Amino acid sequence: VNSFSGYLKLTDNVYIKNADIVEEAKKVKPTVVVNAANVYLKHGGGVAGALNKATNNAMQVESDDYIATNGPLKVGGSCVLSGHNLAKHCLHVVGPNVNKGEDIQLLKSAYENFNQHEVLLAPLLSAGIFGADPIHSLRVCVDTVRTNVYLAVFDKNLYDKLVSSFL
Ligand SMILES: OC[C@@H](Cc1c[nH]c2ccccc12)Nc1ncnc2[nH]ccc12
């Protein structure tokens with residue numbers, strides 16, 4: 001039993017809800033919140049900009065030190081950093097950004113990072129401003145993640161479409 005509330009169950013391990021991931025994380029304080037990161041951990045917009053803003057820029061400060069030490073992530077890769085006031089940990093995961101020409105096949109690799117954590121709050125990778133079809137992202141999530149994932153979909157109209165079209 002966990003404290004996630006109001007989710008629709010899609011499969012044995014995947015749940016989905018129309019919610020603002022920032023407000024959800026503040027309420028649940030999950031062990032792991034997933035950020036929709038880029039390789040530079042520059043948290044400008046989308047989910048990343050919103051999470052970082054909610055940390056009063058502490059996420060960005062921590063991220064800049066991470067990059068200065070380690071260099072950029074790989075597309076499809078991840079790193080674990082602090083969750084600040086939102087969660088114990090933040091798993092920064094880089095899905096392909098179609099608006100940069102990146103290979104959508106890397107979306108499965110991106111979701112594989114979730115399997116290193118028993119329970120996660122997460123957005124749909126590569127959706128929104130990353131330019132991929134959210135229906136496809138949800139399919140890859142369900143077919144790749146085996147741990148317990150709670151998906152927050154910000155756009156209510158998109159949430160209804162994802163549920164109604166789910167196979
Ligand atoms: O809109 C699709 C969806 C996934 C997404 C990944 N990256 C993005 C970059 C820009 C815009 C959107 C995205 N957005 C969100 N889903 C849940 N909570 C959210 N809080 C703030 C935004 C947001």
Side-chain angles (χ1 to χ4, degrees), residues 4-8 10 14-60 63 72-79 81 83-87 89-114 117 119-142 144-145 148-166:
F4 288 104
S5 174
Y7 286 76
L8 179 69
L10 293 177
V14 179
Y15 294 79
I16 196 168
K17 181 183 182 182
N18 171 220
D20 181 345
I21 194 170
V22 170
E23 291 310 313
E24 274 290 291
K26 284 193 286 186
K27 183 71 174 184
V28 176
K29 311 226 200 304
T31 304
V32 180
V33 66
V34 173
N35 182 31
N38 58 53
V39 297
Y40 306 110
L41 302 180
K42 287 310 185 201
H43 309 303
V47 167
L51 292 175
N52 176 56
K53 179 178 175 185
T55 76
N56 183 43
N57 211 51
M59 177 180 285
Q60 191 64 67
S63 293
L73 297 179
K74 300 170 178 180
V75 179
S78 71
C79 66
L81 291 171
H84 301 276
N85 51 318
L86 303 176
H89 306 285
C90 179
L91 181 69
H92 295 272
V93 180
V94 183
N97 189 324
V98 177
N99 304 318
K100 301 180 179 179
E102 292 167 356
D103 186 6
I104 194 63
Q105 307 302 310
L106 291 168
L107 186 54
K108 187 173 185 75
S109 300
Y111 274 117
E112 287 171 342
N113 295 285
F114 289 25
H117 303 276
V119 183
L120 315 87
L121 174 60
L124 287 171
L125 298 178
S126 299
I129 67 177
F130 279 62
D133 181 359
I135 295 175
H136 175 66
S137 183
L138 177 56
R139 188 74 260 166
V140 177
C141 181
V142 163
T144 305
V145 182
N148 290 328
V149 56
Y150 290 81
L151 292 169
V153 181
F154 179 61
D155 188 73
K156 167 60 174 174
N157 283 327
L158 175 58
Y159 171 80
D160 285 348
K161 182 186 185 190
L162 290 162
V163 168
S164 290
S165 63
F166 184 72

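FYI, side chains are in, hydrogens and waters are out, and symmetry mates aren't considered; it's all heavy atoms of this structure. First listed ligand is number 1; within each ligand, the first listed atom is number 1. Numbering starts at 1 and runs along the sequence shown.
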Which of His84, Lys42, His43 passes side chain to side chain contact (heavy atoms under 4.5 Å, CB included) with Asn52? Answer is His43

Test side chain to side chain contact (heavy atoms under 4.5 Å, CB included) applied to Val34 and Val149, step by step: CA-CA 10 Å; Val34 173; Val149 56; over 6 Å; no

- Task: Begin from the C-alpha positions of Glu23 and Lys26 and carry the test salt bridge (charged side-chain N to carboxylate O under 4.0 Å, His left out) through to its verdict.
- Result: CA-CA 5 Å; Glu23 291 310 313; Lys26 284 193 286 186; 2.9 Å; yes

For atom 12 (C) of ligand 1, the closest protein heavy atom turns out to be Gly128 CA, 3.3 Å

Numbered in order shown, the ligand 1 atoms found under 4.0 Å of a heavy atom of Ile21 are 18 (N), 19 (C), 20 (N)

Under 4.0 Å from one or more heavy atoms of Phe130, ligand 1 contributes atoms 7 (N)

Ranked by distance from atom 7 (N) of ligand 1, the top protein heavy atom is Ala127 O, 3.5 Å

Any atom of ligand 1 sitting under 4.0 Å from a heavy atom of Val47? yes

Closest non-hydrogen contact found for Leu41 with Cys79 is CD1-SG, 4.1 Å

In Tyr150, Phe166, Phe4, the residue satisfying ring-ring contact (aromatic ring centres under 6.0 Å, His included) with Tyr15 is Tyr150

the protein heavy atom lying closest to atom 9 (C) of ligand 1 turns out to be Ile129 CG1, 2.6 Å

Numbered in order shown, the ligand 1 atoms found under 4.0 Å of a heavy atom of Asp20 are 20 (N)

What one should report as the nearest heavy-atom pair of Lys17 and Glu24 is NZ-OE2, 2.8 Å

Can a protein heavy atom be found under 4.0 Å away from atom 3 (C) of ligand 1? no

Minimal heavy-atom distance between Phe154 and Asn18, with the atoms involved, is O-ND2, 3.0 Å

Of all protein heavy atoms, the one nearest atom 21 (C) of ligand 1 is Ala50 CB, 3.8 Å

Here the atoms of ligand 1 under 4.0 Å from any heavy atom belonging to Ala152 are 16 (N), 17 (C)

Discussion item. Would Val22 count as a contact residue for ligand 1, given that I'm defining contact as a non-hydrogen atom of the residue lying under 4.0 Å from a ligand atom?
Written reply: no

Per-atom filter on ligand 1: closer than 4.0 angstrom to a heavy atom of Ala36 are 6 (C), 7 (N)

In short, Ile129 meets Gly46 closest at the heavy-atom pair CD1-N, 3.7 Å

